[PDB]
């Protein structure tokens, strides 16, 4: 649709406050447009650190030419929806498995 994890104009610092709000837990995520790098997307994910507690981590989602997304060129996807589906099924290298979209 509007896909529930897609918050395209959210800054890094607001993505962080958003994911660390009540209602979110480990694996809670959102995809936004990149702040530092124009043209890309960034995946923001809530995670559990052994010694630090709740933390937000950020990955770069990059464009393969035209219609290909990846975080690592190892696996690429036709759209952001398939990327999200993959890392919900298995962390596959990611700091954590993705569970549910950022609750607002």
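Superpose the two forms; the largest set of C-alphas matching within 1.5 Å is the rigid core. Residue numbers count along the first chain shown, from 1.
Root mean square Cα distance to the shown form, taken over structures and residues in 5 other deposited structures of this protein after a core fit, is higher for 30-38 when 60-68 and 30-38 are compared.
Mean C-alpha B-factor is higher over 45-53 than over the other stretch, the pair under comparison being 74-82 and 45-53. When 23-31 is weighed against 64-72, 64-72 comes out higher, by mean CA B-factor as recorded in the entry. Looking at the C-alpha B-factors along this chain, the one for residue 18 belongs to the highest third.
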